[PDB]
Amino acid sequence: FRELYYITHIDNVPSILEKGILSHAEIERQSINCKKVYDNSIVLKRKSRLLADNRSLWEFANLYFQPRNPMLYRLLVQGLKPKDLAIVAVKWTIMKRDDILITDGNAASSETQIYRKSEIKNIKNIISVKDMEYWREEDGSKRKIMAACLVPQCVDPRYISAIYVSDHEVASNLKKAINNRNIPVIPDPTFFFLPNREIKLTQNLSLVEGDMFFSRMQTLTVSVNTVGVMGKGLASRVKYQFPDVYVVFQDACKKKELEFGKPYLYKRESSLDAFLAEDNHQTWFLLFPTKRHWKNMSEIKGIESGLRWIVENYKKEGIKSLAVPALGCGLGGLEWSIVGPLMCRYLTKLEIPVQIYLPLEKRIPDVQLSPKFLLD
């Protein structure tokens, strides 16, 4: 498989299907009122970048290999909603053109290198950013994930595969507004950092297929052991994305403030939007011990304990909303048939929004996601 992706306001989709995907230079030349949302800070950065052969970056159209990236995230936290946005799919076939350029990351950034087709090396390395589900500044992944194919002047509408959209309601309105069965409108929340599936059990409790860290819950729970290693699993991702959490985990562990059955709440004053978005909600981390050593299995008395702790202390500690992952359901080697009900039993008591994040490496029978099973 492969497509390329252009992020735009959904108001522009008819204009694009008619005129094409135009460079920010071609919009000025043609005196078009393409009513879009990119902060002036970004616009004045993209223009001010010059290239080889008497050419600017704003003369090209930016087709991302991965649209689920810091730019899309920046637009959504700057007040724009998923219903306001559309990702326009462009066929692999545009790469056959010999007047295009390919960036190894964010075209604007100095550190990024733009190559012409002839002199490109390690393309399989560039296009792999399509498989990146998160990023960070330190390893440059926050730059690399916005790797793009730069097409000069315009992109002919005959190169457009489909238009991706946040939900079914936005799809119906666009299907009518473009009036062309031949161009699919696909609803896919995952492009817009929305869950793949949500099952509401109560007003507050829901089950979620998705990424916990792109949930907007105020407290993210993290399954840990009682040694000091976050070697493999979800803990591994926490160590790379949120290394200060790892340090707090170790410090708290070796000060007995985190024992098996005694969760530690890290009231992290860091802003998650600033780190994730391209450069005022708080995000805390709850360290929940589900086992003793990183080798041996998860114990149910350690979980029951931790869940009771949450019920007793969410008021005291000022937890506004909570994301817990399926506890011990991965490396721990416990089954959702046992943990699911146990977690629901306790977290249904919470008078705040709660998202239990279903295990992603594992098929749950549909009947084990019903409230009949989980709340009885």
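Note that residue numbering follows the sequence shown and begins at 1.
K.L.:
Look at the stretch from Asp279 to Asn280 and count the residues of the deposited sequence that the entry does not model, then pick none, 1 to 3, 4 to 9, or 10 or more.
P.N.:
In the deposited sequence, 4 to 9 residues between these two have no coordinates.
K.L.:
Looking only at CA atoms, which has the higher mean B factor in the entry: 27 to 35 or 315 to 323?
P.N.:
Of 315 to 323 and 27 to 35, the stretch with the higher C-alpha B-factor average is 27 to 35.
K.L.:
Averaging CA B factors per stretch from the PDB record, which one is higher: 177 to 185 or 214 to 222?
P.N.:
For C-alpha atoms only, the mean B-factor is higher in 177 to 185.
K.L.:
Determine which member of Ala147, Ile123, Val88, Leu265 has the highest CA B-factor, using the values in the deposited entry.
P.N.:
Spelled out: the listed residue with the top C-alpha B-factor is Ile123.
K.L.:
At the C-alpha atoms, which of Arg197, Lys291, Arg136, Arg237 reaches the highest B-factor in this entry?
P.N.:
Most elevated C-alpha B-factor of the set, per the entry: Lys291.
K.L.:
Please say which third, lowest, middle or highest, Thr93 falls into when its CA temperature factor is compared across its chain.
P.N.:
CA B-factor rank for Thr93: highest third.
K.L.:
For the chain shown, is the CA B-factor of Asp11 in the lowest, middle or highest third of its modelled residues?
P.N.:
Middle third - that is where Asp11 ends up once the chain's C-alpha B-factors are sorted.
K.L.:
How does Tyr159 rank on Cα B-factor within its chain, lowest, middle or highest third?
P.N.:
As the PDB entry reports it, the C-alpha B-factor of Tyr159 lands in the middle third of its chain.
K.L.:
Among the modelled residues of this chain, does the Cα B factor of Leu360 put it in the lowest, middle or highest third?
P.N.:
Ranked within chain, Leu360 CA B lands in the highest tercile.
K.L.:
Lowest, middle or highest third: where is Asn106 by C-alpha B factor in its chain?
P.N.:
CA B-factor rank for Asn106: lowest third.
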